[PDB]
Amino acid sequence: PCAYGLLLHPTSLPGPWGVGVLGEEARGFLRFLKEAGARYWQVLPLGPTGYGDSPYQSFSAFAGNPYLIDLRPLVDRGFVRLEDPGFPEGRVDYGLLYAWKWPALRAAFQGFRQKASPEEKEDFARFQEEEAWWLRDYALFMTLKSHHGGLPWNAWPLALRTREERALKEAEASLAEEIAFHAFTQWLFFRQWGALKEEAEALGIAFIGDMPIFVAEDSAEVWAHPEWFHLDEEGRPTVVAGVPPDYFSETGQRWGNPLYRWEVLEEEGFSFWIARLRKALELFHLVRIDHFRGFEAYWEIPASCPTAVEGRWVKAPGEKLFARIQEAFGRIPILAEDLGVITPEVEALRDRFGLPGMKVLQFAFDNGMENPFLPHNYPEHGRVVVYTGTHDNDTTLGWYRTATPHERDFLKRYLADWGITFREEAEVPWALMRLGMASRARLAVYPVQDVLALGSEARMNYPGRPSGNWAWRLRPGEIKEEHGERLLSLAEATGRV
């Protein structure tokens, strides 16, 4: 029973200009966290997003999401003048945010080139030089994507798709301004996050980052390093990621993400992963990795297959990779997302390296006392993270409302065994958060929607649903001291303060 933190993607922060940003409201959430006894702030992947707006399908495994840039500081410097397009409240309007914030950032870039001090123009220069190894490909990637009507890289003219030496240099020369712009967006993002990170550290708060084990097909790194992935000559994946048919899905899941050529990454001492983790550790203190099981083995699906039925398991060099990580960083600040159908082999790898696993209370009541998500079954070392629900789950109140008769009843009886009782429906989220903090899990993390006991409309992501995801936002003044105080109380009572 060491500590607890809260889960809130930066986009959910309240504030003007269409979305949560790395500014004052963000710093405000830090104070809230501090005064609430919280010691962790978990977020979703922070890279640039494409269609669907999912943080797990980023245009780059290294880049930073421009949408998170707080335009206010840039306004205070005279680089740009802002006028609101009519953004709504409590939700992100991505369509509108795209049409507005990009030109907004572009305009602010012109202000910078004409009013930036030497120390500013110099810093921007150092940044471009130091992050060049990935920044160069990223900036050109985005630029070329705009220049081609948003077409995916493997749909661009042969010369550019195959990254021919000449074509690249020419494009890189006749679009140096757009390329500089994108680099500018990155410069702001990392500098703004950096400030926020130091802030959190001074308050004694650690950041729990996130990253999908597999990258997106249409992204800077796949374009610039196709040797690391199973692609044909046209740049199209010959096999895609996914999971096999299980008790639930009768056809399994076909994600479409490109699969790694593990043999190639190994011959290079897993350079990609080390670089990927090094860059994440610049932003986070702990890094959760989605679909951890992939390091043990992954389900390879023929690209020509419409479902996941035709796949097969393929072992991945997990042991070697983590051994390498251990030596590279002298530690392994990884957080294993081991939800779903896991095997003894996956647990073996996870445990063998002392990596903490996950526990989701919303999944603990559809069976009997042997459910590994029920608190009494948590490993004695308590090296695990308990959640009421994650971003992919409905809010706890929303889950409760639709849960089966068995789950609802078992929930009550189980809570009772722990001296926890509830009357009102809106009380459920707190009963579970309480159960979480009372457990052996050294760390408990809760999404803010549960702290506010919001219903299903505040659900961050609904797997399978083709819209309305990643949009939920706290409304101004919605979260209040009242909530922080109640959390502090619960944390003190369980010894997590």
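The first residue of the sequence shown is number 1, and the count goes up from there.
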- If you average the CA temperature factors over each stretch, which comes out higher, 330-338 or 383-391? 330-338
- Averaging C-alpha B-factors over each stretch, which comes out higher, 252-260 or 157-165? 157-165
- Query: Per the entry, which of 128, 185, 404, 362 tops the list for Cα B factor?
  - Reply: 128
- Task: Report the option among 351, 221, 409, 210 whose CA atom has the maximum B-factor in the deposited record.
- Result: 351
- Which third of the chain does residue 34 land in by C-alpha B-factor: lowest, middle or highest? highest
- Query: According to the PDB entry, is the CA B factor of residue 272 in the bottom, middle or top third of its chain, that is, lowest, middle or highest?
  - Reply: middle
- For residue 439, return the chain-relative third of its C-alpha B-factor as stated in the PDB record: lowest, middle or highest. middle
- Query: Once the chain's modelled residues are ordered by C-alpha B factor and cut into thirds, is residue 375 in the lowest, middle or highest one?
  - Reply: middle
- Lowest, middle or highest third - CA B-factor, residue 23: middle
